[PDB]
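In the numbering used here, the protein residues as written are 2 to 492.
Structure, as structure tokens:
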Ligand code: NI
């Protein structure tokens, strides 16, 4: 009998972040149980979660952005595993975005519309890797981790695309040496053909110059991915999978880049189950492009991933509102493009939902008082970050803060609107703000409200379940457990 944490393999499934496992797990597991779903439960190792020793550190040691949910790796993994065992459910415990980066604030800025174009030192690379290993150690120590997403997008060298032909060749020869010819031979003068769900065969060929650029573009990303995957392999006594996070990049993912990246991974002995391309999805927004163009693009990239025994993993899955999915028509275009064989990720949307729910109670109520305190403390914390040029300060944040001010001044927007841009993007800091005794006072209050107020618990659980069911029914994950067991049985 199969239940609790299992590695599900490259099969269609939702994977859902649990920023406050205490309040979110009931509604999610209800929905999973109702639609007979094998789902993932996760948090991002670069931003949302952190090791215990980061979480339990005193105020001020670590940037607000590191483990900003207040939820440790041990905690989310143990709570989710144990909840699932208790509910008789198969789930996958995933470590989302193992992120190479100089800081969590940079990893956050990256997905909040902030132009930083920072460049990492060698010591920084080393420490980021050590941070990741330590995070891994905590995951492994729980006995429950099934799956890791690796994010080395910070290491992608965009200068390789702009090098002079003479500089290019010279660097290529020097780096790759006697392996240069082998590397070119894998690609140049070959017609690659990948067939999508549509039945359209897509043709790709490569010039030497293209291969040389791709190779220089991705060498550091590939090397770090290798180091991370070797460390995971050295520590895991149970089977697991890898996802490549390839989505937090400045432009759309190109077909040839992905062919190359997956193939080079393959050459060094890494076969991801999932790859997450940039397809034009943005955090906190319904899809803002042409649905036909989207389907076309996803059909191609899905076909490519398929030939490497992989599915696409869709990040930035939540949209403009907790109720909007990712826009009308968006799920249908993804399903046609993938025949339903797809992994889809959401996380932050559950806290947006929490906050708007609190905001919807009447002034006079404690629920709404709590909301207003959250909003006020966030606003003031961020003003102070801009004021003191703290770690989250940026021109973009400053503008959003001014936009909110202007709008309330001109009666365009009401005070404490949870839809104000700055709050939508930066409300996450609420869960890591601390009182003078260093407690996460707002996260503690939320959990208290939930644990002690029966009517609040009930309404939130219903909203969480409902949101998870919209995702499940929208992307046809109902009964996906069948393929998960077909994978597991093979072992
Ligand atoms: Ni993501």
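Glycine included, every Cβ here is placed at the ideal spot set by N, Cα and C.
Asked, Found
"Confirm the yes/no value for this check: CB of residue 316, any heavy atom of the ligand NI, distance under 6 Å.", "yes"
"From what residue to what residue does the beta strand (DSSP E) around residue 247 run?", "242-247"
"Out of 439, 132, 50 and 221, point me to the one whose CA is closest to residue 176's CA.", "221"
"What residues are listed by DSSP as bridge partners for residue 97?", "45"
"Can you tell me which of the three DSSP states residue 312 falls into?", "strand"
"What is the C-beta distance between residue 473 and residue 36, in whole angstroms, given that I count them as a contact (C-beta under 8 Å)?", "5 Å"
"If we ignore side chains and look at the alpha-carbon of each, how far apart do residue 105 and residue 390 end up?", "16 Å"
"To the nearest angstrom, report how far apart residue 118 and residue 153 are at their CA atoms.", "15 Å"
"Checking the sheet assignment: what are the DSSP bridge partners for residue 72?", "50"
"Could you check where the alpha helix (DSSP H) with residue 63 kicks off and where it finishes?", "Careful: residue 63 lies outside any alpha helix (DSSP H) and carries neither H nor E."
"Three Cβ pairs or more, each shorter than 8 Å: is that satisfied between the segment 197-206 and the segment 292-307?", "yes"
"Output the boundary residues of the beta strand (DSSP E) element that contains residue 19.", "Here residue 19 belongs to no beta strand (DSSP E), and DSSP marks it neither H nor E."
"Note the first and the last residue of the continuous beta strand (DSSP E) segment covering residue 148.", "148-152"
"Considering only the beta carbon of each residue, do residue 101 and residue 156 sit closer than 7 Å?", "yes"
"Using 8 Å for Cβ pairs, my map puts residue 383 next to residue 20. What's the rounded Cβ distance?", "At roughly 19 Å, the Cβ-Cβ gap does not stay under 8 Å, so residue 383 and residue 20 are not in contact."
"Roughly how many angstroms separate the alpha carbons of residue 218 and residue 174, rounded to a whole number?", "14 Å"
"Counting along the chain, where does the beta strand (DSSP E) carrying residue 293 start and finish?", "First-last for residue 293: 292-307, but that is the alpha helix (DSSP H), not the beta strand (DSSP E)."
"Measuring only the C-alpha atoms, how far is residue 359 from residue 373?", "9 Å"
"Going by alpha carbons, who is nearest to residue 95 out of 150, 326, 107 and 110?", "150"
"According to DSSP, simplified to helix, strand and coil, what is residue 269?", "coil"
"Compute the distance between the beta-carbons of residue 236 and residue 387, then report whether it is under 7 Å.", "no"
"Given a cut-off of 7 Å on the beta-carbon distance, is the pair residue 323 and residue 355 in contact?", "no"
"Can you list, in chain order, the residues of its chain whose CB lies under 7 Å from that of residue 9, leaving out five sequence neighbours each side?", "39, 93, 485 and 488"
"Where does residue 293 land, buried or exposed, given buried means 16+ other C-beta within 10 angstroms?", "exposed"
"Given that a residue counts as buried once 16 or more other Cβ atoms are within 10 Å of its Cβ, and exposed if not, what is residue 385?", "exposed"
"Would residue 317 pass as a contact of residue 283 if the rule is Cβ separation under 7 Å?", "yes"
"Skipping 5 residues on each side, what residues in its chain have a beta carbon closer than 7 Å to that of residue 404?", "422"
"Determine the DSSP secondary structure at residue 35, reduced to helix, strand or coil.", "helix"
"State the Cα-Cα distance for the pair residue 467 and residue 234, rounded to the nearest angstrom.", "38 Å"
"What is the DSSP secondary structure of residue 284, counted as helix, strand or coil?", "coil"
"Leaving out five residues before and five after residue 22 in sequence, what residues of the same chain have Cβ atoms less than 7 Å from its Cβ?", "72, 76, 77, 80 and 81"
"For residue 48 and residue 441, what's the separation of their Cα atoms in angstroms?", "17 Å"
"DSSP three-state call for residue 349: helix, strand or coil?", "coil"
"Let me know if residue 319 comes out buried or exposed under the rule of 16 or more other beta-carbons within 10 Å of its beta-carbon.", "buried"
"Is the segment 187-194 close to the segment 203-219, with three or more CB pairs under 8 Å?", "yes"
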